[PDB]
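Report on the structure given below.
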Ligand code: HEM
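In the deposited numbering, the protein residues as written are 0 to 153.
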């Protein structure tokens with residue numbers, strides 16, 4: 000798929016707001032993921048023990064990882080589709096080391112959209128949400144293809 004330039008502008012306009020607080024957004028997104036789809040927490044040996052939202056919110060480690068996650072995602076989105084190099088090491092670790100199926104990448108996509116909708120309603124109307132969904136769909140399609148090349152196809 001190909002996004003148009005106007006679709007990329009909508010994506011990068013709300014992302015610029017996200018970047019004003021990368022740690023806060025990273026926390027909100029991982030907590031939303033783990034609350035909505037508890038099975039995903041099981042993939043993280045470092046966080047598997049956390050029992051409640053309060054414990055998750057209190058975790059310095061979780062917040063640090065949320066920064067790592069959004070920083071990587073931001074690098075990919077800023078490439079506006081030209082992200083082949085960025086995708087390779089992500090794909091290899093998530094396919095071979097962490098063993099993360101495509102369905103769980105759909106779940107985190109849903110988490111990202113929920114948090115942006117809650118925090119940025121004025122910059123995340125219907126058109127902006129459709130553009131972010133398309134950007135994430137593009138991401139997931141390219142990762143599924145790389146998964147297959149790598150021998151996992153998740
Ligand atoms: C937007 C999607 C995601 C991005 C950008 C992302 C990015 C990253 C990055 C940069 C790392 C550290 C380097 C590495 O090991 O590759 C990482 C580690 C990891 N990721 Fe992801 N991730 C994403 C989605 C997921 C999902 C959905 C899961 C599981 C449900 C997951 C599970 C893990 C695990 C288990 C680790 C290792 C944590 C540790 O023990 O340090 N990732 N991810």
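Using N, Cα and C, we set each Cβ at its ideal position, and we do this for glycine too.
- In the DSSP assignment, residue 73 falls within the alpha helix (DSSP H) that extends over 59 to 76.
- Per the coordinates, the alpha-carbon of residue 95 lies some 7 angstroms from the alpha-carbon of residue 151.
- Assignment of residue 145 by DSSP, reduced to helix, strand and coil, places it in the helix class.
- Within the same chain, 7 come within 6 angstroms of residue 79 by CB-CB distance, once the 5 residues on both sides are set aside.
- In this structure residue 117 is not in contact with residue 135, their Cβ atoms being roughly 17 angstroms apart against a cut-off of 8 angstroms.
- In this structure residue 132 does not touch residue 101 by the C-beta definition: roughly 16 angstroms separates them, more than the 8 angstroms allowed.
- Look at residue 35 here: in three-state DSSP terms it is helix.
- Contact between the segment 54 to 72 and the segment 140 to 150 is not established, with fewer than three Cβ pairs separated by less than 8 angstroms.
- Listed in chain order, the alpha helix (DSSP H) elements of length 4 or more contained wholly in the segment 108 to 152 are 125 to 149.
- Nearest to residue 39 by alpha-carbon distance, out of 126, 103, 123, is 103.
- Under the DSSP assignment, residue 85 falls in the alpha helix (DSSP H) whose first and last residues are 83 to 91.
- Residue state for residue 11 is assigned as helix, using DSSP reduced to three classes.
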